[PDB]
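Just one chain is shown here, as structure tokens, and it is the form deposited in one PDB entry.
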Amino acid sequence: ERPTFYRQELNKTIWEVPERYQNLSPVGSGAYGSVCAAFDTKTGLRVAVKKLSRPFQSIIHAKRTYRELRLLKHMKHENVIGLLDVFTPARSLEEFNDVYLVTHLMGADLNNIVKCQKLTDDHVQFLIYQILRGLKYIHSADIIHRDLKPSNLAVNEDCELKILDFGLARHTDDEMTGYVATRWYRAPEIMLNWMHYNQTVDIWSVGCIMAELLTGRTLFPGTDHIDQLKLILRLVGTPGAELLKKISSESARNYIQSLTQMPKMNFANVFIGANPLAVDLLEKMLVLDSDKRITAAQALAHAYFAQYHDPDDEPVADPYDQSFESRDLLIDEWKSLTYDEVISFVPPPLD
């Protein structure tokens, strides 16, 4: 049953993959992984193959490897990345040291859609509807994306959208410093660590994306974390009594009350010419208090998407057991858990 593997050096990386994968070519890499494009001769699909970099070098890395595979094996939704294959060249656990993941090849993301074409209200309707439909699914499994930005959304020529995560390196202080797309879509409560965050972090990110599809421009292109907070508060208004109380960071909470109070602005006078229903939806997404933000499920029932809403084709996820996240284990334990998931993978219906 075990395929035959062949070797190849590509940018100083030894790729050992099954013979089904041909025409391997580097797309990109980082600390957590290397990615190639290839052609899958079994399914006939252009695919991305990610080779994980030192997946078991520490506890943190091992747990991270296990986490991603558990996530990917669970996600089965039209608007969310599907796992086509996972494999390792190793014939046993003793020699299990490499993991490769395969999915459908992107190419075009929402970033290049927004820069290099005219988007109509009906295109915006369709693209945000598909982000929220994917999001209803993943939130239903208590999965939080936390890094939704236009580079993590794949968009094909028919305007069909998938949510993925193309993060190949760590989410460090330096990667979030300055004038960077890395921070522009983050809910303020996670950007400044105000509190224990909830899944409505992702809804904040949708609002910033929806706004950018409407105007063609970044909503909050802060030059640093504080400049970004100023851009945000200028639009949505400074916190009132109720929200401040909920900010457990005494340090965060005292910086806020130094700011001069500002009202929420008129969104119709920022988003000029836009569908009044878009503006309405945006006002419900872009709300400082995460408790009061619209959820994906609620947002799908909004008038703005009447053209597309179908309550019988907006599925929820099967229960997802995340108890491992509380679990403390050894590198070797995380590794064998990971091995069991590799060996147990069943590919999706062909094709």
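For the two forms, the rigid core is made up of the largest set of C-alpha atoms that agree within 1.5 Å on superposition. A residue's number is simply how far along the shown sequence it sits, counting from 1.
Unshown form solved in complex with a small molecule; subsequent notes refer to it.
By the 4.5 Å heavy atom rule, the three marked residues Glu189, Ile247 and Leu288 all count as contacting the small molecule in the bound PDB entry. The listed set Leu119, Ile256, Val270, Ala141 contains one residue whose heavy atoms approach the small molecule in the bound PDB entry to within 4.5 Å, identified as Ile256. Among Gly222, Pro239, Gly207, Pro89, the residue placing a heavy atom within 4.5 Å of the small molecule in the bound PDB entry is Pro239. When contacts are judged by a 4.5 Å heavy atom cut-off, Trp194 counts as touching the small molecule in the bound PDB entry. Using a 4.5 angstroms limit between non-hydrogen atoms, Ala252 touches the small molecule in the bound PDB entry. In the bound PDB entry, the small molecule sits within 4.5 Å of a heavy atom belonging to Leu229. Mapping the unseen interface onto this chain, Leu161 falls outside it, with no heavy atom inside 4.5 Å of the small molecule in the bound PDB entry. In summary, the region of this chain contacting the small molecule in the bound PDB entry, judged by heavy atoms within 4.5 Å and restricted to 119-127, 210-218, 91-99, 231-239, corresponds to 231-239.
Here the rigid core is superposed between the shown form and the other one, and of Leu71, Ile144, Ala268, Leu244 the C-alpha of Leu244 is the only one to shift by 2 Å or more. Relative to the superposed core, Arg91 undergoes a C-alpha shift smaller than 2 Å between the shown form and the other one. The Cα position of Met195 differs by 2 Å or more between the shown form and the other one after fitting on the rigid core. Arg253 shows a C-alpha shift of 2 Å or greater between the shown form and the other one [criterion: core-superposed Cα displacement of 2 Å]. In the bound PDB entry, the Cα atoms of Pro319 and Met195 sit 3 Å or more nearer to each other than they do here.
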